[PDB]
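For reference, the structure discussed in these notes is given below.
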Amino acid sequence: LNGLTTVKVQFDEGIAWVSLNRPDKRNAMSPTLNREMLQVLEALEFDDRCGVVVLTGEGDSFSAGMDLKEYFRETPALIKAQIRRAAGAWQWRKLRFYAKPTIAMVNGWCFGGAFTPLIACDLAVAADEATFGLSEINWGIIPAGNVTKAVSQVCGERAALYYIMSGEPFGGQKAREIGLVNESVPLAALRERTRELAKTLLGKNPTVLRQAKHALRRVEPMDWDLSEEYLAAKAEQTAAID
Amino acid sequence: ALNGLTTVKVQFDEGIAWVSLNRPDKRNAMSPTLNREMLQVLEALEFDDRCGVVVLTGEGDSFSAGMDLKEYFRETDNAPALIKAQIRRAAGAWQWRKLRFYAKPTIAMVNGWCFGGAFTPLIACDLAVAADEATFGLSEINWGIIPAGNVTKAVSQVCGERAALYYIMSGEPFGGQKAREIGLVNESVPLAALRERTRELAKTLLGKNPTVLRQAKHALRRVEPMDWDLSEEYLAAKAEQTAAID
Amino acid sequence: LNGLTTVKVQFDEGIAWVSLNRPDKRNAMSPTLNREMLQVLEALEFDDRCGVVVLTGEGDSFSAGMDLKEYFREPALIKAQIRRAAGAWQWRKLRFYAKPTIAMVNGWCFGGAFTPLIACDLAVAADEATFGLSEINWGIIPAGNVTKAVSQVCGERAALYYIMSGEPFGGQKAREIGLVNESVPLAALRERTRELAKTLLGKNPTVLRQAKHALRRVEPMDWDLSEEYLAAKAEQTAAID
Amino acid sequence: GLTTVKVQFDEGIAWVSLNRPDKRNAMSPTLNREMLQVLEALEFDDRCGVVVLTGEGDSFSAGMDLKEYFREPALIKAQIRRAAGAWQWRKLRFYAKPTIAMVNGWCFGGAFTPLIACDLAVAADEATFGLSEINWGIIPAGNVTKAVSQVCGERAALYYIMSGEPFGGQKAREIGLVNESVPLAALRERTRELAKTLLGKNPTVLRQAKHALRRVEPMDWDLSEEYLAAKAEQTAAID
Amino acid sequence: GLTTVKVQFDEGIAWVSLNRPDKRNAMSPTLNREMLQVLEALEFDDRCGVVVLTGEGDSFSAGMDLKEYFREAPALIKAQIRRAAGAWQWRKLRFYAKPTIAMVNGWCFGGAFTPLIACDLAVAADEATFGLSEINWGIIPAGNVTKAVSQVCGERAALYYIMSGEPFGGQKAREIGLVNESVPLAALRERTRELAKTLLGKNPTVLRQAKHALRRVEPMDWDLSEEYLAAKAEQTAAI
Amino acid sequence: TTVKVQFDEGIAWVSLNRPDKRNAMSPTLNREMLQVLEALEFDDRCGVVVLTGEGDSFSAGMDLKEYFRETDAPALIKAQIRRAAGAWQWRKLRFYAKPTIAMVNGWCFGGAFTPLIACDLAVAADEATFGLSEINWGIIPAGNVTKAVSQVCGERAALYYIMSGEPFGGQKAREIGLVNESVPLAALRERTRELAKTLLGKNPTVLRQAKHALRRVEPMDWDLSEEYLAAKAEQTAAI
Ligand SMILES: CC(C)(COP(=O)(O)OP(=O)(O)OC[C@H]1O[C@@H](n2cnc3c(N)ncnc32)[C@H](O)[C@@H]1OP(=O)(O)O)[C@@H](O)C(=O)NCCC(=O)NCCS
Ligand SMILES: CC(C)(COP(=O)(O)OP(=O)(O)OC[C@H]1O[C@@H](n2cnc3c(N)ncnc32)[C@H](O)[C@@H]1OP(=O)(O)O)[C@@H](O)C(=O)NCCC(=O)NCCS
Ligand SMILES: CC(C)(COP(=O)(O)OP(=O)(O)OC[C@H]1O[C@@H](n2cnc3c(N)ncnc32)[C@H](O)[C@@H]1OP(=O)(O)O)[C@@H](O)C(=O)NCCC(=O)NCCS
Ligand SMILES: CC(C)(COP(=O)(O)OP(=O)(O)OC[C@H]1O[C@@H](n2cnc3c(N)ncnc32)[C@H](O)[C@@H]1OP(=O)(O)O)[C@@H](O)C(=O)NCCC(=O)NCCS
Ligand SMILES: CC(C)(COP(=O)(O)OP(=O)(O)OC[C@H]1O[C@@H](n2cnc3c(N)ncnc32)[C@H](O)[C@@H]1OP(=O)(O)O)[C@@H](O)C(=O)NCCC(=O)NCCS
Ligand SMILES: CC(C)(COP(=O)(O)OP(=O)(O)OC[C@H]1O[C@@H](n2cnc3c(N)ncnc32)[C@H](O)[C@@H]1OP(=O)(O)O)[C@@H](O)C(=O)NCCC(=O)NCCS
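Top line first, the protein sequences correspond to chains F, E, D, A, C and B.
Residues 10 to 84, 88 to 254, numbered by the entry's author numbering, are exactly what the first sequence covers, in order.
Quick note: the entry's author numbering has the second sequence finishing at residue 254, numbered continuously throughout.
Residues 10 to 83, 88 to 254, numbered by the entry's author numbering, are exactly what the third sequence covers, in order.
Residues 12 to 83, 88 to 254, numbered by the entry's author numbering, are exactly what the fourth sequence covers, in order.
Residues 12 to 83, 87 to 253, numbered by the entry's author numbering, are exactly what the fifth sequence covers, in order.
Residues 14 to 85, 87 to 253, numbered by the entry's author numbering, are exactly what the sixth sequence covers, in order.
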């Protein structure tokens, strides 16, 4: 957490408000931001100053997507693949099964690549004024990285295809309708609502909370006979490590 | 199989088998005894000509308060491992193994409290009509346990990842209208109209061809993990099997 | 495209209005229509006069499902070939069509019509449209690929309710359960559908085709595999553009 | 109380023998019900820590009963079909104790499912295997088609399903149907030595390990690592 | 009227011969279209109840035509050409209405692995030379060759020959489960004809249902496969 | 320090360097081996990596003292140490940017199976001893060992050696598909070098794309694999 340039961490009574911090660039996710975000999230897993992580963006943006210059334009094949993997290293590899509960607080512009860490977070609270967009089609690219998969994970096929194919923007209430976020409230109540939800998660047994939210995503592709076998081993693991 | 029941009641009604958990003093908590009796009841009703549809509900003010904290959890905590496994299997033996592909159509009538383990038989049933006043809750997190058995899988089967994680992680209660919005139940109506609405839907299912109704509702849950090429092959055999056994 | 007997095709500023043309039979899908529809869909994938295809029904019916007279009632391998020819255009060709597809449900949509409706990329229904999985009322299961198609876009509760009950529902209910993207009054159906088609026509056609395919491809994949596939898909997109 | 099954206890080994030699150990609804009772009773019988499945006489099992199971209502037929698979693979494939199939002779049709659902299998060289269902005008129903595909390659599975051609114990070993094939005179002792080897292991760890192998097969590597981490913790918490 | 494929009928056996010996039976877009028409014509031709796929001359097939298929286009046209190959190589062949046997009489390289593996069975000559030689030409085993080899061979053997491009004979192909049997070339035709006659003696409806069910149940869990096999058995008895 | 790296005309001989501990994989070695693999995938002096062990061992498995006993630690720390093992043993190795060959020169037990199987190819010495000895130590084959064995071995062979913990040599490892080839130890180094030189003669881009494509298409249906392989082939030509 020392010498961060693109990421801000503010601790608040057990809550780690992690803000993408490139407001002048609308929090576009560059290779520098990708490296810092993984370093922050890895450190916060063992930082006792927090038991829940809130992911948001500084200024009027959640995130305008990947940096069109520093991530896309300025990027050898193996060198290119390493930078692409560094994005997914924190956007979904670390976030999807994160050690502590995660809440995405969408305060504003959320486009393209921003959908992957938003969906990899366990919960999401958006502002009514927040503007979501799968604008990749308008920039001549598909929703790569894991954006296409992430949208398919939480939204129905009809809604996923409509916003990928058309690139049409939509607000927080529409994001809640299609299952992209858990709740949409006015921006003036966004932080208060997200903080109340984080405080509710802080009141739970942290081990049981971690085991339960992981098991939900693990059992998704399993058959019912396999899920019962996994959940039984997961329940015994929970009581053994608490 | 229907005689000497201590925790479950069965009442026949014009081709409907109203199966209600019968431990109201315990809010219909599901004990190992109840898990054993319900499997007996559901197995017998699959061949009982007095029914063409099964309605699963609870006596009193509770649909179910989840697994018995005393008889299912506490009294089996220090039991031998294979004994605990057998008790756990017996719960899922009727909660999802029997219910999810029951030979007859099943409707879950959520008349009241529905917590924790009660979500698995509720979701394993084909259709679900809840009361607006009913209170749902994945309160396992507040008791220090994960939603085990098959509760976690059952919730992810009908509810989106956001709604599934929200109520699993927060343990927050919600009513029948929220259960309908998140896809947990088909319909939500006031409690005063819950039985008449459930009975009307049950009579609608009774008016259908029972063989085709059984075959079609099973095929829906079978084809979900299949690719479209495999599902077309399975639906072709399922359609031929339907015509041969009708 | 020449000599068609059950399908009509009208070109409109890059839009291929493909209508099932059996209105006196409520656009029931016969083995003849199944053969012609695949014949038309294969030709339109390379027809430079179209960049988007709108599937709709002539008259008051989008489609009344499979032809109860020419398809169902009328050898095992012969029966299998006729059944396969239905899915050949209803999902095999439509689900990963080389061009964007929009289903315009102008009226009756029952049984087997669900498969090409769901295999299309997008769907705009009329509020007055009447959907229904009435196969249970006819004594059959939603065969072909209907059960899978309904499973693909609707939640398990909604899918089971309409399959088991055979209850009909309107355009707004179809939009609510995720069967279609939007639902407008019939008087505004063609204008809204043409507006959506022009929006798709303004996109990069190669990127649009690759993106709509990638969405349906990554669904059964794990996140590690989908990231690998999307990286290869993104590279294929830039190379063939 | 059993009429179709014989159980012999030997130093922690429960020798479970199919006992219908007059019908070549064909599996009837009576045998299917009796076998589930035996397996359910043996999983808590402390007198055994390993179960060996074999057949009395010159047969392992000639498949399902052509008369009782097949020739003799829709949901009644489905119940009898489910009773066969209830013990043939639902109970056996994840049985609480290690299981060994000892193929002493004829092994045809439906016999493949309990043979494959068992953890391990030792065959006699003189034993004759055969997916002869095609010769009787039926497909390998129940779960035989799935069971054969689980242990043998697609080529070997298709060859013996489509041709109905018999093969011996050495061929069964080569295609992976059984772990080992020895002469019949050495079959029981080789099986008993393997059963004794399994009895020397930690029973909890052995049950957990053998279950974990079959569970992780359809998992991706990221998910299997998560499953194996919980399975190992579950192992240490109950041992 | 066919130019690249030859069809000879023999007592219910349709000997289908790839016929481009001057190009070592390389598969061109012309051959790909002709093979699909032959397969679509033979599935209802009562002169055959079994299909034997092989190659004329000293070749089975040297893979895809390096000139006509790869070297000699717009994106959708190249995809249509690519789709036409898989249309007969695996889409039609993998679930073909009639039993299929691949007779590997000679060279079998690259893209030839897909129709070889999509056929139900395969008998090779010991002298036949196999090879996933795409790596030697600077391309991955595209089409469905990578999946086909993954379907019948273990991961070690699949990776070894994909990565090394090293050739191997008929006995090695039998060892790794690529073919069911390998015999001397002088005995290949009679050994293949005997297997074809063995398939012709089966109930053709039951044979088609069983060979399809084997490949359908591969990715199913055991509970789902039992559900599918019960429906497949009822469909078999009805048709 | 715990790893040795020797460059040889494009070959990166990567040796586990804890011979006094039989190359037991400590948390120290786990972190160091990941850095070596990360450094080599961008080191232009190598186009192939051979993973072997110093001394008489390939690897005796995980360090019983430093990896297991000394982590007896809070749950998240234990999970972090466990994840660091799989970070290089399969997360980095299974889809490594360059071809990998495991040279099993000696003892290969327990956790050593995971990096052995995550390597693309493997050549063993006949004299080398292989063992899934976890059952003898009271633990299940955790990490990804159970999944790795199931990935390359049949269910029977996987279950036999997990349940019995029985040791086996290089020829048996080749017979069950654990390694590609087994030769006498005196010929092991040159046989592995021939394979490494063969891999070095291939287009490294096409070789990486092809070897990755094989493992990616395993769980796909044939229609999905064809779509993936077409994009993979286009990605190959563009890169
Ligand atoms: C997010 C957005 C609506 C904000 O609107 P705005 O308040 O008017 O701010 P601006 O459009 O003027 O851009 C703000 C700055 O941040 C940069 N910026 C915005 N989004 C960026 C992105 N993905 N990548 C890199 N830079 C970005 C701009 O280049 C600009 O830089 P500059 O001030 O040095 O010239 C608008 O910037 C936008 O549409 N960005 C692209 C969103 C997107 O489509 N992402 C997916 C790309 S595939
Ligand atoms: C369902 C509930 C809201 C009803 O509240 P109520 O009407 O006021 O009734 P009570 O709380 O007084 O409980 C009545 C009886 O039923 C028992 N009971 C209720 N739920 C029970 C359960 N899962 N298991 C065992 N007993 C239960 C009570 O212990 C009590 O028994 P007692 O009278 O002998 O003391 C309440 O019982 C409850 O909060 N929780 C259990 C629900 C739950 O969270 N289950 C999952 C736990 S993992
Ligand atoms: C679609 C429907 C609501 C239209 O009702 P309508 O305007 O009153 O039209 P009609 O019912 O009078 O029938 C119109 C004609 O189209 C035919 N038709 C309608 N649906 C048909 C279908 N699936 N298959 C074959 N013919 C059909 C009728 O047989 C009739 O032919 P005819 O006039 O030459 O005798 C009506 O046909 C219906 O109730 N059901 C359609 C069938 C259906 O549900 N199919 C899925 C079944 S598996
Ligand atoms: C196993 C077999 C090779 C033994 O040959 P054998 O020593 O000559 O024994 P036989 O066939 O002469 O007779 C054995 C008795 O057991 C019965 N039997 C053998 N297999 C049987 C089976 N699946 N089901 C019912 N009865 C069977 C015979 O009907 C016969 O009864 P009977 O003596 O009262 O007339 C031979 O019996 C056989 O082929 N059985 C069928 C194997 C098979 O195909 N199973 C799959 C069926 S789909
Ligand atoms: C099959 C093979 C071993 C036989 O070699 P041979 O008997 O000595 O005879 P040739 O090598 O001269 O080949 C004979 C003709 O068929 C052609 N031929 C062989 N394989 C061909 C292929 N895939 N595509 C197109 N033409 C091919 C040759 O170009 C040659 O053409 P020509 O006679 O007009 O000059 C050799 O031709 C060969 O290696 N072919 C390539 C196999 C392969 O790698 N396929 C995968 C390609 S990615
Ligand atoms: C590999 C093996 C057969 C070699 O036998 P050996 O040549 O006679 O060598 P030794 O047993 O005498 O031990 C050599 C050293 O290496 C260590 N060693 C060997 N395997 C080790 C392992 N997994 N972990 C930690 N140390 C190990 C010994 O503790 C010993 O250290 P020390 O000399 O400081 O006391 C033997 O070490 C063995 O049987 N098992 C090691 C672990 C194993 O087999 N499986 C993993 C258990 S889960």
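Just so you know, even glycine gets a beta-carbon here, dropped at the ideal spot from N, CA and C.
By alpha-carbon distance to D254 (chain A), the top candidate from E:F71, E:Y80, E:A89, E:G66 is E:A89. Close CB contacts of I95 (chain E) within its chain, under the 6 Å cut and outside five residues either way in sequence, are with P40, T84 (chain order). No Cβ of chain C is located within less than 8 Å of the beta carbon of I131 (chain E). Annotation for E204 (chain B): the continuous alpha helix (DSSP H) segment containing it runs 202 to 214. Distance from the CA atom of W102 (chain E) to the CA atom of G125 (chain A), rounded to whole angstroms, is 27 Å.
Look at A156 (chain A) here: in three-state DSSP terms it is coil, with no helix or strand label. DSSP places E195 (chain E) inside the beta strand (DSSP E), whose first and last residues are 195 to 197. In this structure, B:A136 is the residue among B:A99, B:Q19, B:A136 with its C-alpha nearest to the C-alpha of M117 (chain B).
Bridge pairing for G145 (chain B): B:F123 [DSSP]. Residue list for ligand 5: C:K34, C:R35, C:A37, C:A73, C:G74, C:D76, C:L77, C:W121, C:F123, C:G124, C:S147, C:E148, C:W151 (CB closer than 5 Å to any heavy atom, chain order).
Straight-line spacing of the CA atoms in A25 (chain A) and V231 (chain A) works out to 28 Å.
Contact between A98 (chain E) and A73 (chain E) is ruled out by a C-beta separation of about 19 Å, above the 8 Å threshold. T219 (chain A) carries a helical assignment under DSSP once its states are collapsed to helix, strand and coil.
With respect to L214 (chain A), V61 (chain A) sits close: the two C-beta atoms are nearer than 8 Å. Taking a C-beta distance under 8 Å as the contact criterion, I153 (chain C) and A247 (chain B) qualify as a contact pair. In the structure shown, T114 (chain E) falls within a strand segment according to DSSP collapsed to helix, strand and coil.
The C-beta distance from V16 (chain E) to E45 (chain E) rounds to 5 Å, short enough to fall under 8 Å. Listed in chain order, the positions of the stretch 188 to 214 of chain F with a beta carbon within less than 8 Å of a beta carbon of chain E are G191, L192, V193, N194, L209, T212, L213. Note on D57 (chain D): under 16 other CB atoms within 10 angstroms of its CB, so exposed under the neighbour-count rule. Ligand 1 has no heavy atom closer than 7 Å to the beta-carbon of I131 (chain E).
Put simply, the CB of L221 (chain C) is far from chain D, with every gap to its CB atoms at 8 Å or more. Per the DSSP secondary-structure output, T65 (chain C) pairs in a beta bridge with C:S28. Residue state for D21 (chain C) is assigned as strand, using DSSP reduced to three classes. With three or more CB-CB distances shorter than 8 Å, the stretch 183 to 193 of chain A counts as touching the stretch 137 to 150 of chain A.
Distance from the C-beta of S28 (chain E) to the nearest heavy atom of ligand 2 is not below 7 Å. Of all residues in the stretch 132 to 161 of chain D, those with a C-beta nearer than 8 Å to a C-beta of chain F are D134, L135, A136, reading in chain order.
With three or more CB-CB distances shorter than 8 Å, the stretch 168 to 175 of chain D counts as touching the stretch 218 to 230 of chain E. Secondary structure note for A139 (chain D): its beta strand (DSSP E) is the uninterrupted segment 135 to 139. One finds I154, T160 in chain A with Cβ atoms closer than 7 Å to the Cβ of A227 (chain C), taken in chain order. Rounded to whole angstroms, the Cβ separation of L29 (chain E) and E67 (chain E) is 7 Å, and the two are in contact under 8 Å.
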